[PDB]
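Q: Contents of run-v3.tsv (TSV, C-alpha atoms (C1' of nucleotides)):
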```tsv
chain	number	residue	atom	x	y	z
A	60	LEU	CA	45.48	-5.15	-34.93
A	61	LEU	CA	46.79	-7.37	-32.10
A	62	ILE	CA	44.84	-10.60	-32.85
A	63	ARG	CA	46.08	-12.14	-36.14
A	64	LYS	CA	44.06	-12.35	-39.37
A	65	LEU	CA	43.79	-16.09	-39.87
A	66	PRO	CA	42.83	-17.52	-36.46
A	67	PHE	CA	40.26	-14.75	-36.27
A	68	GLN	CA	38.99	-15.64	-39.74
A	69	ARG	CA	38.62	-19.26	-38.69
A	70	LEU	CA	36.79	-18.25	-35.52
A	71	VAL	CA	34.40	-16.05	-37.49
A	72	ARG	CA	33.69	-18.83	-39.99
A	73	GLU	CA	33.15	-21.33	-37.17
A	74	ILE	CA	30.64	-19.02	-35.51
A	75	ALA	CA	28.95	-18.27	-38.84
A	76	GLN	CA	28.62	-21.99	-39.51
A	77	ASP	CA	25.58	-22.16	-37.21
A	78	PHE	CA	23.32	-19.58	-38.84
A	79	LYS	CA	23.64	-20.68	-42.47
A	80	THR	CA	25.75	-23.44	-43.95
A	81	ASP	CA	28.57	-22.59	-46.38
A	82	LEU	CA	28.48	-18.76	-46.29
A	83	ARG	CA	31.09	-16.72	-48.26
A	84	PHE	CA	32.72	-13.60	-46.70
A	85	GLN	CA	33.73	-10.24	-48.28
A	86	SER	CA	36.96	-8.15	-48.58
A	87	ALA	CA	36.21	-5.71	-45.70
A	88	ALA	CA	33.89	-7.79	-43.52
A	89	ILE	CA	36.42	-9.76	-41.48
A	90	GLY	CA	38.58	-6.66	-41.11
A	91	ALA	CA	35.66	-4.61	-39.82
A	92	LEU	CA	34.71	-7.41	-37.44
A	93	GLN	CA	38.24	-7.50	-36.05
A	94	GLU	CA	38.38	-3.72	-35.61
A	95	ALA	CA	35.03	-3.69	-33.81
A	96	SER	CA	35.97	-6.64	-31.62
A	97	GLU	CA	39.29	-5.14	-30.57
A	98	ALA	CA	37.75	-1.72	-29.89
A	99	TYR	CA	35.04	-3.37	-27.80
A	100	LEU	CA	37.53	-5.44	-25.83
A	101	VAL	CA	39.78	-2.44	-25.19
A	102	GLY	CA	36.83	-0.48	-23.82
A	103	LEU	CA	35.89	-3.45	-21.66
A	104	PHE	CA	39.45	-3.67	-20.34
A	105	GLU	CA	39.33	0.04	-19.56
A	106	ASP	CA	36.21	-0.46	-17.46
A	107	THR	CA	37.73	-3.54	-15.83
A	108	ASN	CA	40.87	-1.58	-14.95
A	109	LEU	CA	38.71	1.15	-13.45
A	110	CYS	CA	36.88	-1.38	-11.28
A	111	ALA	CA	40.11	-3.10	-10.23
A	112	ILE	CA	41.64	0.23	-9.23
A	113	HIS	CA	38.43	0.99	-7.37
A	114	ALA	CA	38.92	-2.18	-5.36
A	115	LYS	CA	42.38	-0.81	-4.35
A	116	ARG	CA	43.96	-3.51	-6.61
A	117	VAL	CA	46.14	-3.58	-9.75
A	118	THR	CA	45.17	-7.07	-10.91
A	119	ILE	CA	42.00	-7.46	-12.96
A	120	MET	CA	39.84	-10.42	-11.96
A	121	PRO	CA	36.76	-11.99	-13.59
A	122	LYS	CA	34.39	-10.40	-11.08
A	123	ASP	CA	35.50	-6.98	-12.30
A	124	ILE	CA	34.56	-8.00	-15.84
A	125	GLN	CA	31.22	-9.23	-14.54
A	126	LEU	CA	30.57	-5.97	-12.70
A	127	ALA	CA	31.51	-3.96	-15.79
A	128	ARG	CA	29.20	-5.96	-18.03
A	129	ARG	CA	26.42	-5.68	-15.41
A	130	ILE	CA	26.72	-1.88	-15.23
A	131	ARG	CA	27.00	-1.51	-19.01
A	132	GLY	CA	23.75	-3.45	-19.24
A	133	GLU	CA	25.18	-6.52	-20.95
A	134	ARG	CA	23.62	-9.96	-20.90
B	1	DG	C1'	20.47	-9.66	-65.38
B	2	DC	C1'	24.72	-10.54	-68.21
B	3	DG	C1'	29.32	-9.48	-69.63
B	4	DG	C1'	33.70	-7.02	-68.56
B	5	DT	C1'	38.12	-5.79	-65.81
B	6	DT	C1'	41.72	-6.80	-62.40
B	7	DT	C1'	42.06	-6.42	-57.02
B	8	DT	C1'	42.97	-8.99	-53.14
B	9	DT	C1'	41.40	-13.16	-51.16
B	10	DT	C1'	42.78	-18.06	-50.61
B	11	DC	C1'	46.98	-21.71	-50.98
B	12	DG	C1'	51.06	-23.32	-49.87
B	13	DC	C1'	56.40	-23.21	-48.09
B	14	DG	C1'	60.48	-21.59	-45.94
B	15	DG	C1'	62.89	-19.12	-42.19
B	16	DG	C1'	63.24	-16.12	-37.86
B	17	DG	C1'	63.06	-15.12	-33.18
B	18	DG	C1'	59.66	-13.33	-29.83
B	19	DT	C1'	56.68	-15.72	-26.82
B	20	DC	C1'	55.69	-19.64	-23.92
B	21	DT	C1'	57.53	-22.56	-20.29
B	22	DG	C1'	60.22	-25.25	-16.81
B	23	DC	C1'	62.46	-23.85	-12.41
B	24	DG	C1'	63.90	-21.26	-8.46
B	25	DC	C1'	63.70	-17.73	-4.65
B	26	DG	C1'	61.62	-13.88	-2.60
B	27	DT	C1'	57.79	-10.67	-1.25
B	28	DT	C1'	53.43	-8.27	-1.04
B	29	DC	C1'	48.86	-8.74	-0.68
B	30	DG	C1'	45.20	-11.90	0.60
B	31	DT	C1'	43.12	-13.70	4.71
B	32	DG	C1'	42.46	-14.34	9.87
B	33	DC	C1'	43.14	-12.10	14.77
B	34	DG	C1'	41.91	-8.63	17.43
B	35	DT	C1'	39.97	-4.34	18.43
B	36	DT	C1'	37.43	0.85	18.28
B	37	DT	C1'	33.36	3.48	18.65
B	38	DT	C1'	28.86	3.24	18.69
B	39	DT	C1'	23.76	1.36	18.05
B	40	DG	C1'	20.12	-1.31	19.66
B	41	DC	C1'	16.88	-4.45	22.34
B	42	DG	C1'	16.91	-6.43	26.83
B	43	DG	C1'	15.31	-5.88	31.69
B	44	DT	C1'	14.21	-3.57	36.39
B	45	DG	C1'	12.35	-0.36	40.60
B	46	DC	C1'	9.28	2.75	41.21
B	47	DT	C1'	5.50	6.28	39.81
B	48	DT	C1'	0.76	7.02	39.16
B	49	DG	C1'	-3.49	5.07	38.94
B	50	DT	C1'	-7.99	1.59	38.30
B	51	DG	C1'	-12.53	-1.85	38.59
B	52	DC	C1'	-14.32	-5.00	41.43
B	53	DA	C1'	-39.38	-11.44	65.05
B	54	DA	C1'	-43.37	-10.61	67.30
B	55	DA	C1'	-46.47	-6.77	70.24
B	56	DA	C1'	-48.50	-2.55	70.44
B	57	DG	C1'	-50.01	2.49	69.45
B	58	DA	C1'	-50.12	6.36	66.32
B	59	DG	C1'	-51.17	8.20	62.09
B	60	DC	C1'	-53.13	7.98	57.51
B	61	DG	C1'	-56.24	7.73	52.96
B	62	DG	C1'	-60.33	6.56	51.27
B	63	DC	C1'	-64.93	6.48	51.95
B	64	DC	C1'	-69.94	6.44	53.37
B	65	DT	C1'	-73.92	7.75	55.66
B	66	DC	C1'	-76.10	11.46	56.47
B	67	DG	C1'	-77.74	16.84	57.06
B	68	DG	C1'	-79.53	20.15	54.95
B	69	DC	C1'	-80.19	23.05	51.67
B	70	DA	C1'	-81.62	25.09	46.84
B	71	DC	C1'	-83.92	24.14	43.07
B	72	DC	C1'	-87.61	22.64	38.88
B	73	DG	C1'	-92.23	22.37	37.64
B	74	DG	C1'	-96.77	24.23	38.10
B	75	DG	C1'	-100.39	28.12	39.15
```
Could you write out this file's structure as structure tokens?
A:
Amino acid sequence: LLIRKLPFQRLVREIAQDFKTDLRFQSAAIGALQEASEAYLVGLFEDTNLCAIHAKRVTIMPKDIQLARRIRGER
DNA sequence: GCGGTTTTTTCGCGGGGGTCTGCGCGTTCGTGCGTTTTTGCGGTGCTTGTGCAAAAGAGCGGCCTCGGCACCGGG
């Protein structure tokens, strides 16, 4: 895993702090969340690279991300 | 639901060195200048055709009196 394990834990807790106050986490929940997040982001970067190559470029730009999320059907 | 075991999460500290960052020059790729090949709406001259004053005689149709006859009623 490329992201670390403690900043990601803090991010997850911060996000979870909105839906219910003072929620405990479990052995393999944060690990699964990190695996899913990194897999998702790698797929998104694959699609972004495809779009950037389509535009005859090598640099990925935010509009490529936006196009990828639009075609995937993401809101 | 309640008691058990014991893993691996949370807690804190020290050290390393890869990653971030200040600084410079160059270039490659982003942006504007100019153009290629073609599509489209703009108009015309000409073709082909349209709706908007008596006088007089001659001739005529209707008509009417009349001629003349056949006919009903009776013996």
Q: Based on only C-alpha atoms (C1' of nucleotides), which of the residues in chain A come within 10 Å of chain B? I want them as a ChimeraX atom specification.
A: /A:84-86,116
Q: If I take CA of residue 122 (chain A) and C1' of residue 32 (chain B), how far is one from the other in Å, to one decimal?
A: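 Atom-to-atom, CA of residue 122 (chain A) to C1' of residue 32 (chain B), that is 22.8 Å.
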Q: Give me the residues within 12 Å of residue 125 (chain A) as a ChimeraX atom specification, counting all atoms listed in the file and dropping any in the same chain fewer than 4 places off.
A: /A:103-104,106-107,110-111,119-121,129-134
Q: For a test of reading the model, state the distance in Å between CA of residue 82 (chain A) and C1' of residue 3 (chain B), rounded to one decimal.
A: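 Here the two named atoms are 25.1 Å from each other.
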